[PDB]
Protein chains: 10
Amino acid sequence: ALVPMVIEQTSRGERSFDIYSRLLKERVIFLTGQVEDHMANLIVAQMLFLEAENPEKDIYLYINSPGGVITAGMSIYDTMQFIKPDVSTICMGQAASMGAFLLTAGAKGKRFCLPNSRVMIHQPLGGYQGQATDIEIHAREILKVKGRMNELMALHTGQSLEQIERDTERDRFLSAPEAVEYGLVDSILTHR
Amino acid sequence: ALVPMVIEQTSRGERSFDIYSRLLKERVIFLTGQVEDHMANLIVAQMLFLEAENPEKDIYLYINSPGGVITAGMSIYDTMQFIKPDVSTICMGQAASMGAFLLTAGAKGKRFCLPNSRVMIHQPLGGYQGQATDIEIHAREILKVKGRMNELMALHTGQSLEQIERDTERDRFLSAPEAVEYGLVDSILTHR
Amino acid sequence: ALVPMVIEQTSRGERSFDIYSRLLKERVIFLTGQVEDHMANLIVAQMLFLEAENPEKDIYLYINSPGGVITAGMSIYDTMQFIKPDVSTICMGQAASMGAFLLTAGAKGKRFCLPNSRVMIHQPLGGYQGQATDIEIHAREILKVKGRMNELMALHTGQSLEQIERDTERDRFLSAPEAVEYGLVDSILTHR
Amino acid sequence: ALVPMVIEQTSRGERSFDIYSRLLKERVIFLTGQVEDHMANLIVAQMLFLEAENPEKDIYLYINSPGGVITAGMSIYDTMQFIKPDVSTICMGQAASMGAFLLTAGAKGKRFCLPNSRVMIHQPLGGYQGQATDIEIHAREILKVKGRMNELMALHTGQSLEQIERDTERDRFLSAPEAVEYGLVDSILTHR
Amino acid sequence: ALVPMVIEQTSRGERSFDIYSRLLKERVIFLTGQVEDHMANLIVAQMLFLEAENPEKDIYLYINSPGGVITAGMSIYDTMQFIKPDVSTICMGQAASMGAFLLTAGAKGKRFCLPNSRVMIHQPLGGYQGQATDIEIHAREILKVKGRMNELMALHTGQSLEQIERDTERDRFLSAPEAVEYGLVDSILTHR
Amino acid sequence: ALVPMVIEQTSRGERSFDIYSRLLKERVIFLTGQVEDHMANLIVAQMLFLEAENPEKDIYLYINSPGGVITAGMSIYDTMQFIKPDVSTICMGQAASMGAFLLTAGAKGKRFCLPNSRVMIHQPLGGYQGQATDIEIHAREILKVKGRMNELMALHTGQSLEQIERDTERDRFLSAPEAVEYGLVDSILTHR
Amino acid sequence: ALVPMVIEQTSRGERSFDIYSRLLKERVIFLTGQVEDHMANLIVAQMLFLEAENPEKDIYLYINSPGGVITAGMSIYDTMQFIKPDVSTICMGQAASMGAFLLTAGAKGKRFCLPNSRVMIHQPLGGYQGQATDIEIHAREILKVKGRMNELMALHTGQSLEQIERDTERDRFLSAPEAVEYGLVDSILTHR
Amino acid sequence: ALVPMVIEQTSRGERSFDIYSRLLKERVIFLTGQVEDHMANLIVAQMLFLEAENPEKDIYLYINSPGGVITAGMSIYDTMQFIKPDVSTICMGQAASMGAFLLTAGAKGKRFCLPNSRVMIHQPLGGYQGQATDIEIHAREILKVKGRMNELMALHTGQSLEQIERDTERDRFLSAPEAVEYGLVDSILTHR
Amino acid sequence: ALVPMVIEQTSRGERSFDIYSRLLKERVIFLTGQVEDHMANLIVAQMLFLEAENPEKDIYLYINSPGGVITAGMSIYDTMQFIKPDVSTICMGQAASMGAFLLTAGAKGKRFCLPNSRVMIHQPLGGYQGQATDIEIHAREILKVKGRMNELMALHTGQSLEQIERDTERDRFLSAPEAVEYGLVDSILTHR
Amino acid sequence: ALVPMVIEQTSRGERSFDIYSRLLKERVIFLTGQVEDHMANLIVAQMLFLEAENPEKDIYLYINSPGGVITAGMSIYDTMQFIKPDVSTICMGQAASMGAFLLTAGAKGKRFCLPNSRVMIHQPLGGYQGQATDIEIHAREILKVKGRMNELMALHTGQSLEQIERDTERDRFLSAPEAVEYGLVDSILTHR
């Protein structure tokens with residue numbers, strides 16, 4: 001049992017699924033670990049599946065991750081915007097870097113976060129080796145990406161673009177109440 | 001047979017279950033080994049799944065583990081606070097550091113530890129490399145975390161805050177009877 | 001549970017399958033990671049299968065990849081052109097190098113990319129060690145490949161051949177709107 | 001076929017079991033290899049299960065192991081003392097170190113061993129690196145553990161405490177007949 | 001199929017088995033490869049299982065092994081002597097060191113070996129690092145084991161003890177006909 | 001001959017020196033490569049040696065280095081300020097980081113750099129691992145060092161302190177004419 | 001020339017020495033880098049030599065070091081106290097840990113440090129692996145050393161012993177003016 | 001005898017030094033291997049020495065090298081331009097990259113290469129890892145260097161600046177007669 | 001100069017020695033670091049030389065070492081006893097294990113240690129791998145050595161053999177005053 | 001004594017050289033091992049020296065080498081052709097690849113090889129990794145070198161160019177008599 005089994009009664013009954021498949025059936029998706037290319041692809045397959053199961057119901061995305069590859073993260077971002085039903089994002093543990101970015105991309109009014117969680121934002125990282133000509137080609141591309149990420153932050157948070165520009169210079173840490181004040185989440189969940 | 005199978009009679013079976021799934025069905029969750037990021041999500045999934053079947057029934061969380069990532073077993077803390085049932089955290093083997101942090105978080109009156117167990121508590125660890133400017137930023141965040149963990153210990157144990165700060169500067173080991181006097185647990189189980 | 005299970009009902013029920021088999025059933029194929037031989041072979045097996053299932057219906061190919069081996073990539077390219085149904089290619093995340101090449105190889109009018117994606121193109125890479133005589137042989141072969149790849153780009157994109165040659169000398173990056181104008185894709189998908 | 005299958009008939013019949021589950025059914029538990037944390041956790045789960053299936057019958061524990069971690073070994077010990085049915089420990093191969101302390105912890109009168117087996121006992125090991133202040137803290141804790149283990153040995157074997165301390169100064173090896181005379185076991189099994 | 005499946009014919013039907021479970025049912029156990037604790041732990045479980053199935057029928061042990069750990073080998077030895085039905089040992093390939101020891105331990109009159117097999121016997125190996133005092137303790141224990149193994153060889157083979165002690169000082173190799181004259185086995189199988 | 005010998009006549013005409021000893025004699029000291037303790041320890045010995053031979057004459061220090069350990073570099077800085085004769089610093093190749101700092105420390109009016117050289121200046125780097133308490137102690141010390149280095153820059157260059165703080169947050173590169181305008185050096189050498 | 005030669009005149013003028021023997025002649029000894037046995041063994045030989053050359057004159061010891069082995073360092077300490085002439089210790093760069101200890105041990109009134117230097121002090125470090133008995137022996141010895149080192153600090157600095165104990169619990173950094181006030185050094189040198 | 005000794009007679013005839021010092025005496029300096037800081041530092045010392053010996057005579061620099069670090073190479077360049085005597089460069093073997101640059105920097109009318117030599121010229125290489133902000137800073141600096149190197153090539157060769165920029169886009173190889181026609185050297189030496 | 005040169009005046013005064021050669025002339029031998037064969041072999045050569053120089057004068061041996069190989073050390077032990085002049089041993093830093101043995105082997109009345117030194121003694125270590133027969137041979141030899149070392153300690157220190165036997169079971173540490181009382185040294189040197 | 005010293009009489013007789021310097025005086029140069037930049041650089045310095053001492057006398061070059069770097073080897077070739085006195089080459093052991101090339105380059109009528117030697121010739125080796133465009137550039141350069149080396153072989157051996165090209169496609173081995181007929185050498189030395 002790395003992952004335990006659960007049993008559920010329906011019609012015929014029995015029907016024993018996994019501890020994670022049982023939750024996918026409850027329109028629950030978890031995002032954890034680093035955001036890469038093989039894992040992000042699965043998150044997308046799950047969202048497309050749920051969208052085709054019932055276009056009118058929300059999908060809940062639980063976020064707990066330190067960061068990741070911008071490209072992989074953007075495929076998640078765009079699916080989350082394309083599909084018809086709202087995706088409600090919940091931040092538990094941490095949402096840092098690219099994780100924070102995806103957290104704020106949830107449906108407006110449905111961005112929650114648990115009270116002892118942490119959110120951290122910063123500038124995009126990268127690098128390169130090669131001829132001076134190739135160095136200038138790659139340097140311009142990273143700068144364009146940085147600019148694009150800042151615009152999406154301003155769009156989703158309500159902050160001006162310049163305010164976003166200043167707040168991403170160095171690593172910036174926000175407590176759950178600051179995420180609410182700043183505009184990354186709408187509210188803090190407390191008790192059932 | 002890394003993990004053995006068991007059988008039980010219900011209605012028209014038979015029906016075999018994992019040596020661990022059989023116990024999840026008994027609302028018993030084990031938390032063993034070092035607290036990571038993948039294991040923590042699995043514990044959370046089990047608690048929610050146990051709060052979906054029957055919300056008016058206690059959930060037992062046996063705990064034997066030497067500690068782990070602070071910000072990833074500080075998301076098993078917030079799921080226990082929030083759910084409807086009572087999580088009565090029994091002790092065995094050891095509960096050190098973050099493990100000793102979760103043990104005291106159980107339902108008041110229901111924190112138990114076996115007589116030959118050990119509980120150890122201490123100040124959180126961390127580190128960083130970079131420009132003097134970045135060092136300052138990261139140093140501030142770890143200090144904020146230290147302060148918050150002390151407040152939660154004082155809250156759950158009944159100790160004054162200053163007493164908690166003094167007692168965690170360097171590792172402190174407590175025997176099962178001292179855990180009871182200190183207030184980390186309510187009682188010691190002996191024999192059935 | 002790296003990959004979750006899903007349930008569907010038809011006649012008598014049951015017949016549970018994985019999250020990727022469920023989407024293959026909807027004639028959806030995903031292409032991620034590096035393009036190599038063992039993976040390319042699977043993409044081809046899936047396309048041959050779907051053709052046999054229903055020669056008149058479109059096959060959807062999701063493309064999110066950094067590049068890869070040209071030979072492996074060409075087996076995918078030729079299969080797409082050979083089989084009867086149209087293949088509609090959709091870019092999310094990135095389509096770089098060989099990935100970009102396969103993206104433009106989809107059915108005309110059906111090449112779509114999500115709005116925050118990136119496409120990057122460049123001349124082929126290679127190398128060799130050996131006697132001066134062998135070096136000459138291998139250098140000639142890579143140059144022939146470069147020439148052929150450029151002809152196919154001009155054919156599929158509508159650019160002149162000379163324009164294609166100039167544009168692949170150094171890594172060239174295109175944003176989603178640039179890919180549309182250039183002629184690599186027909187359009188940008190927005191919302192369902 | 002690392003582990004073979006066996007079958008049995010009851011009512012409906014079949015019942016195809018992995019040979020180790022077939023023996024768990026016969027209230028037989030094996031303890032082999034190093035006494036770590038994951039393995040001990042599994043043994044405890046098996047004992048709780050058997051004590052919940054029939055509180056009035058003995059549970060045999062077959063021991064063949066070189067030693068291990070004290071903390072993990074202690075949760076096994078406490079569970080054996082807590083649960084209602086007698087636990088009878090048999091030791092074939094070797095019972096060394098922590099593997100010998102648990103061998104004597106079985107129900108009095110039911111501590112049989114093998115004829116060619118070996119039992120070895122010794123003082124606990126440990127270590128530490130750090131500031132002189134931290135060294136003191138850790139040195140004190142290991143000494144407390146040594147003292148506690150000596151008390152339990154004297155309690156279960158009938159030896160005086162002073163005799164136990166002298167005998168664990170350096171590794172002591174006992175043959176099966178000596179284990180009987182010393183009081184580690186009650187008797188030697190020979191032929192059925 | 002690393003290990004192939006086979007089908008039998010009983011009162012019901014189907015009954016599919018592994019290329020090894022099928023033979024366990026015929027009271028055939030194989031001992032191959034190096035003797036160590038996990039493997040030596042599984043063989044004992046199989047022998048206990050077969051005695052219970054039918055106490056009045058022989059168990060066949062097929063031996064092909066280079067040697068191994070004495071402790072692990074002794075738990076097998078004691079089980080063979082304890083259980084009621086005869087255990088008949090057959091040597092194919094090689095029986096060296098501890099393998100040869102177990103070979104001769106079978107039921108008298110039922111020790112066979114194939115025509116081109118090889119048997120090799122020798123005194124035990126070991127070693128130690130530490131203080132002169134610890135060295136003495138461990139040296140004494142290995143010598144006690146050597147003495148015990150020689151007594152058992154003489155007991156099972158009929159050779160005098162002095163003869164066994166002289167013969168095992170250096171590796172001794174015996175061909176199948178010599179194993180018979182020496183007394184390690186009773187006979188050689190040839191053709192059915 | 002990694003280093004060639006040179007011949008010079010004085011009185012009797014027999015003198016043969018290592019070319020570097022020949023130049024030490026002409027009050028020329030070279031500083032190249034990383035600044036560390038053993039290397040720095042030798043430069044200080046050379047300056048003290050020259051100060052003793054003739055307290056009234058200048059010492060020429062040739063600088064070509066990427067940076068180094070601040071502590072080691074500070075022992076060069078203090079010796080230069082302490083000893084009686086002027087030390088004139090000349091930058092060839094590069095003077096980065098700590099190298100730049102030592103360059104500006106030369107006697108006022110005598111700081112000179114060659115036409116194609118480069119000078120770089122940035123805030124100090126560092127790091128630590130450990131308990132939150134120790135992290136705080138170490139973070140405070142690096143910040144104090146940074147502040148002291150900035151005061152010394154402002155002192156030697158004539159820039160305001162706030163201007164120095166702004167200019168060192170991120171790596172700042174200056175060409176030889178830029179070093180003159182900024183005040184790091186007084187002038188550029190051209191031709192003898 | 002890793003180390004340059006210098007020329008000095010006496011009678012004939014036939015003197016060419018290394019960049020260190022020339023200074024040994026001026027009763028100057030340098031201590032740099034880690035303190036360990038071979039390095040320390042050389043410093044002691046140099047002091048004995050100089051003591052014999054002229055028992056009435058001071059020896060200058062330049063210190064620049066991160067710390068080191070206590071035992072090795074104590075052989076320098078005792079020699080400095082045994083030999084007749086005063087040893088004047090000068091701190092440049094840094095004097096950390098054992099380096100600080102040796103710095104304060106110089107002749108009273110002659111302990112000086114340059115203006116931008118740093119001095120750091122802390123309790124001794126160490127460690128051990130072994131049986132609980134050995135751990136106790138080794139723990140006691142390190143604590144005795146801690147005690148003795150503190151007494152010597154109090155003796156040489158004028159601080160009370162209790163003040164010294166409090167100040168060495170955790171790394172304590174002192175700037176040159178703090179070292180003068182505290183009493184580790186007598187004064188700060190400025191300019192010749 | 002890695003480097004042999006040679007004998008010459010002057011006055012008393014007692015002259016025996018390493019062959020490389022014998023050639024330094026004849027104002028011949030060799031440059032081989034990668035250009036880097038320590039080796040460059042030594043060449044500069046040799047040129048300064050020879051200038052002092054006789055400011056009116058030519059210095060011959062033998063170049064045979066694959067390239068190297070630009071910063072180090074520039075200190076060689078600036079010294080050659082600064083000192084009084086003409087420096088005549090001779091290329092044998094190869095002068096690639098930075099080696100080619102220094103070759104053309106010799107005195108006009110005195111740049112000569114041997115008949116089977118090769119000269120290579122290309123734009124500078126480099127790279128960086130870090131935040132998008134830091135990447136920009138580093139990318140600008142490498143581009144500034146590229147610009148400066150092109151200006152100096154055009155100055156010394158007589159080519160227009162635009163022609164130099166085109167010719168260094170990718171490695172350009174020149175045979176000895178081509179170097180003469182292009183203007184990198186003035187002539188080819190043939191026979192004494 | 002890793003090791004500096006010193007100058008002495010005699011007749012002509014044309015004498016330059018490496019500082020260790022200079023001290024050998026003062027009949028001073030240093031013994032530092034681990035005691036092995038190549039180093040021990042040099043200590044012996046030096047003593048034989050000095051014995052020949054003047055059979056009627058003392059030789060001083062400075063000891064600072066963390067033990068070493070007994071066999072190598074015994075060649076120093078026997079040489080010291082064979083040669084005519086007394087050898088006076090002085091302990092600084094530490095004399096551990098074999099180092100302590102050699103320390104007490106000096107001439108009676110002339111064994112002296114500095115006040116902050118440490119002396120540590122323990123039974124010999126060793127080990128072996130092989131056949132039980134070889135293990136016995138090697139175990140006997142180490143025990144004979146232990147016995148012989150115990151006799152020599154008693155002879156040189158004046159302690160009874162039984163007292164020595166008890167005191168070396170576990171590492172025993174002695175402070176300088178304890179070494180004097182115990183009888184390892186005759187006195188403590190303080191000041192010249 | 002890796003290289004023995006020899007003594008020779010002249011006038012006063014105070015002459016002691018390394019055996020290799022002794023032979024340099026006899027105008028003998030040895031070329032052994034791989035041809036690389038540093039070794040080639042030394043041979044050139046020796047030939048220039050000998051040319052200066054006496055322009056009218058032959059220089060003898062002993063060749064024993066497996067091959068090496070062409071660029072480095074060509075610098076030897078060009079010096080041999082440039083300097084005034086004839087260079088006579090002698091092959092002993094082997095002259096392979098670049099070694100064979102230099103062997104034939106000696107003065108006509110003076111190329112001699114020993115009877116059991118071997119001479120081996122082949123086309124040049126090389127390689128590259130990079131963009132298809134860079135591969136083309138490097139492939140062209142290696143082919144130009146191949147063409148040039150064949151022309152020089154034809155010039156020195158007297159073979160037609162086509163014959164040289166055919167013979168070097170694959171390694172061709174020649175015995176000393178075969179080298180003579182082919183024209184690589186003029187004759188075979190036998191006895192003094």
# chains A, B, ... in the order shown; residues from 1 in each chain; ligands from 1
>>> interface_residues(of="chain B", to="chain A", cutoff="7 Å", atoms="only C-alpha atoms", output="PyMOL selection string")
chain B and resi 18+20-21+71-72+74-75+78+81-84
>>> write_last_selection(atoms="C-alpha atoms", output="PDB file, in the first residue's frame")
ATOM      1  CA  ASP B  18      -4.524  -4.458   1.919  1.00  0.00           C
ATOM      2  CA  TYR B  20      -3.198  -1.055   5.369  1.00  0.00           C
ATOM      3  CA  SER B  21      -6.482  -0.530   3.555  1.00  0.00           C
ATOM      4  CA  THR B  71       6.159  23.610   5.213  1.00  0.00           C
ATOM      5  CA  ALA B  72       4.627  20.322   4.031  1.00  0.00           C
ATOM      6  CA  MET B  74       2.070  22.265   8.107  1.00  0.00           C
ATOM      7  CA  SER B  75      -0.708  21.300   5.704  1.00  0.00           C
ATOM      8  CA  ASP B  78      -4.385  22.740   8.809  1.00  0.00           C
ATOM      9  CA  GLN B  81      -7.944  21.724  12.466  1.00  0.00           C
ATOM     10  CA  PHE B  82     -10.501  22.258   9.699  1.00  0.00           C
ATOM     11  CA  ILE B  83     -12.280  18.870   9.333  1.00  0.00           C
ATOM     12  CA  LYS B  84     -15.374  17.963  11.314  1.00  0.00           C
TER      13      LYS B  84
END
>>> calpha_fit_rmsd(fixed="chain D", moving="chain B")
0.3 Å
>>> closest_residue(among="C:123, C:150, C:187, C:133", to="residue 165 of chain J", atoms="only C-alpha atoms")
C:133
>>> residues_around(residues="residue 44 of chain G", least_positions_apart="3", cutoff="7 Å", atoms="only C-alpha atoms", output="PyMOL selection string")
chain G and resi 40-41+47-48+76+79
>>> select_by_dssp(residues="segment 16-100 of chain I", states="strand (DSSP E or B)", output="ChimeraX atom specification")
/I:16-18,28-32,35,59-66,68,87-96
>>> write_last_selection(atoms="N, CA, C and O atoms", output="CSV table (one decimal), in the first residue's frame")
chain,number,residue,atom,x,y,z
I,16,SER,N,74.6,27.8,5.9
I,16,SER,CA,73.1,28.0,5.8
I,16,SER,C,72.4,26.7,5.9
I,16,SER,O,72.7,25.8,5.1
I,17,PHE,N,71.6,26.6,6.9
I,17,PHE,CA,70.9,25.4,7.0
I,17,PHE,C,69.4,25.6,7.0
I,17,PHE,O,68.9,26.7,7.3
I,18,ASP,N,68.7,24.5,6.6
I,18,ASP,CA,67.2,24.5,6.7
I,18,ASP,C,66.9,24.4,8.2
I,18,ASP,O,67.7,23.6,8.9
I,28,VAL,N,68.4,17.9,18.8
I,28,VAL,CA,66.9,17.9,18.9
I,28,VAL,C,66.2,17.2,17.8
I,28,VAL,O,66.3,17.6,16.6
I,29,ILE,N,65.4,16.3,18.1
I,29,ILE,CA,64.6,15.5,17.1
I,29,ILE,C,63.1,15.7,17.3
I,29,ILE,O,62.7,15.6,18.4
I,30,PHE,N,62.4,16.0,16.3
I,30,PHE,CA,60.9,16.1,16.4
I,30,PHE,C,60.2,14.9,15.9
I,30,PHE,O,60.5,14.5,14.8
I,31,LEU,N,59.2,14.4,16.6
I,31,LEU,CA,58.4,13.4,16.2
I,31,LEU,C,57.0,13.8,16.1
I,31,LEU,O,56.3,13.9,17.1
I,32,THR,N,56.4,14.0,14.9
I,32,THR,CA,55.1,14.4,14.8
I,32,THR,C,54.2,13.6,13.8
I,32,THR,O,54.8,13.1,12.8
I,35,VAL,N,52.5,7.6,13.6
I,35,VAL,CA,53.8,6.8,13.7
I,35,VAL,C,53.7,5.6,12.7
I,35,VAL,O,52.9,4.7,12.9
I,59,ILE,N,70.1,13.5,24.1
I,59,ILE,CA,69.3,13.7,22.9
I,59,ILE,C,67.9,14.1,23.3
I,59,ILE,O,67.3,13.4,24.2
I,60,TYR,N,67.3,15.2,22.7
I,60,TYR,CA,66.0,15.6,23.1
I,60,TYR,C,64.9,15.2,22.0
I,60,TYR,O,65.2,15.6,20.9
I,61,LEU,N,63.9,14.5,22.4
I,61,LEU,CA,62.8,14.2,21.5
I,61,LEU,C,61.5,14.9,21.8
I,61,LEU,O,61.0,14.7,22.9
I,62,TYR,N,61.1,15.7,20.9
I,62,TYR,CA,59.8,16.5,21.1
I,62,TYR,C,58.7,15.6,20.5
I,62,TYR,O,58.7,15.3,19.3
I,63,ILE,N,57.7,15.2,21.3
I,63,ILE,CA,56.6,14.4,20.8
I,63,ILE,C,55.3,15.0,20.7
I,63,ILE,O,54.8,15.6,21.7
I,64,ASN,N,54.7,15.0,19.5
I,64,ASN,CA,53.4,15.5,19.3
I,64,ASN,C,52.6,14.6,18.3
I,64,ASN,O,52.7,14.9,17.1
I,65,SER,N,51.9,13.6,18.7
I,65,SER,CA,51.4,12.7,17.8
I,65,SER,C,50.2,11.9,18.2
I,65,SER,O,50.1,11.4,19.3
I,66,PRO,N,49.2,11.7,17.3
I,66,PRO,CA,48.0,10.9,17.5
I,66,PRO,C,48.2,9.4,17.3
I,66,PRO,O,47.6,8.8,16.4
I,68,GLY,N,49.7,5.7,16.1
I,68,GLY,CA,50.3,5.1,14.9
I,68,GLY,C,50.4,3.6,15.0
I,68,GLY,O,49.8,3.0,15.9
I,87,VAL,N,67.9,9.5,26.2
I,87,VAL,CA,67.0,10.2,25.4
I,87,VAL,C,65.9,10.8,26.3
I,87,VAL,O,65.2,10.1,27.1
I,88,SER,N,65.8,12.1,26.3
I,88,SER,CA,64.8,12.8,27.1
I,88,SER,C,63.7,13.2,26.2
I,88,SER,O,63.8,13.8,25.2
I,89,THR,N,62.5,12.7,26.6
I,89,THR,CA,61.3,13.0,25.8
I,89,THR,C,60.5,14.1,26.4
I,89,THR,O,60.2,14.1,27.6
I,90,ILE,N,60.0,15.0,25.6
I,90,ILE,CA,59.1,16.1,26.0
I,90,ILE,C,57.8,16.1,25.3
I,90,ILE,O,57.8,16.1,24.0
I,91,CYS,N,56.7,16.0,26.0
I,91,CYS,CA,55.3,15.9,25.4
I,91,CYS,C,54.7,17.3,25.2
I,91,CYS,O,54.6,18.0,26.3
I,92,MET,N,54.3,17.7,24.0
I,92,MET,CA,53.6,19.0,23.8
I,92,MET,C,52.4,18.7,22.9
I,92,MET,O,52.4,17.7,22.1
I,93,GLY,N,51.3,19.4,22.9
I,93,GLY,CA,50.3,19.0,22.1
I,93,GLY,C,49.8,17.7,22.7
I,93,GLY,O,49.1,17.8,23.7
I,94,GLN,N,49.9,16.6,22.0
I,94,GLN,CA,49.4,15.3,22.6
I,94,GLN,C,50.4,14.2,22.4
I,94,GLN,O,51.2,14.1,21.5
I,95,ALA,N,50.2,13.2,23.3
I,95,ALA,CA,50.9,12.0,23.1
I,95,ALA,C,49.9,10.9,23.3
I,95,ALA,O,49.6,10.5,24.4
I,96,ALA,N,49.4,10.4,22.2
I,96,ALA,CA,48.3,9.4,22.4
I,96,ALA,C,48.7,8.1,21.9
I,96,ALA,O,49.4,8.0,20.9
>>> atom_distance(atom1="atom CA of residue 125 of chain C", atom2="atom CA of residue 131 of chain J")
4.5 Å
>>> atom_distance(atom1="atom CA of residue 106 of chain J", atom2="atom CA of residue 179 of chain J")
14.1 Å
>>> select_by_dssp(residues="segment 73-186 of chain B", states="helix (DSSP H, G or I)", output="VMD selection string")
chain B and resid 77 to 82 98 to 103 132 to 157 161 to 167 176 to 182
>>> write_last_selection(atoms="C-alpha atoms", output="short mmCIF file (atom, residue, chain, number, x, y, z; two decimals), in the first residue's frame")
data_model
loop_
_atom_site.label_atom_id
_atom_site.label_comp_id
_atom_site.auth_asym_id
_atom_site.auth_seq_id
_atom_site.Cartn_x
_atom_site.Cartn_y
_atom_site.Cartn_z
CA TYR B 77 -1.87 20.50 10.56
CA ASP B 78 -4.38 22.74 8.81
CA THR B 79 -6.46 19.76 7.53
CA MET B 80 -6.86 18.41 11.04
CA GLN B 81 -7.94 21.72 12.47
CA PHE B 82 -10.50 22.26 9.70
CA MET B 98 7.85 18.25 13.26
CA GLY B 99 6.48 14.88 14.30
CA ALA B 100 6.28 16.11 17.91
CA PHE B 101 4.65 19.25 16.39
CA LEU B 102 1.78 17.24 14.91
CA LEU B 103 1.37 14.95 17.92
CA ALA B 132 24.06 39.81 1.14
CA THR B 133 20.72 41.25 0.04
CA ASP B 134 19.20 37.85 -0.60
CA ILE B 135 20.55 36.48 2.61
CA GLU B 136 18.70 39.10 4.54
CA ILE B 137 15.45 38.21 2.88
CA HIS B 138 15.74 34.55 3.60
CA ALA B 139 16.92 35.06 7.16
CA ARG B 140 13.83 37.08 7.90
CA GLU B 141 11.54 34.42 6.65
CA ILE B 142 13.01 31.67 8.76
CA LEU B 143 12.75 33.78 11.86
CA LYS B 144 9.11 34.46 11.16
CA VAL B 145 8.52 30.74 10.91
CA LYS B 146 10.29 30.07 14.17
CA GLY B 147 8.07 32.58 15.90
CA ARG B 148 4.93 31.08 14.52
CA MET B 149 5.79 27.55 15.48
CA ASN B 150 6.41 28.67 19.06
CA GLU B 151 3.04 30.28 19.28
CA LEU B 152 1.34 27.12 18.20
CA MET B 153 3.27 25.06 20.74
CA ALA B 154 2.25 27.41 23.51
CA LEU B 155 -1.32 27.25 22.36
CA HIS B 156 -1.55 23.50 22.28
CA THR B 157 0.55 22.68 25.35
CA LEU B 161 5.34 31.47 25.34
CA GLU B 162 8.62 32.32 27.01
CA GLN B 163 8.83 28.86 28.46
CA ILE B 164 8.41 27.48 24.98
CA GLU B 165 11.11 29.67 23.61
CA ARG B 166 13.63 28.67 26.22
CA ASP B 167 12.90 25.00 25.88
CA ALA B 176 6.60 9.40 28.03
CA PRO B 177 5.91 10.57 31.67
CA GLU B 178 7.53 13.91 30.97
CA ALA B 179 5.52 14.41 27.87
CA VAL B 180 2.49 14.09 30.09
CA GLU B 181 3.72 16.56 32.69
CA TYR B 182 4.91 19.04 30.09
#
>>> atom_distance(atom1="atom CA of residue 126 of chain F", atom2="atom CA of residue 129 of chain B")
5.9 Å
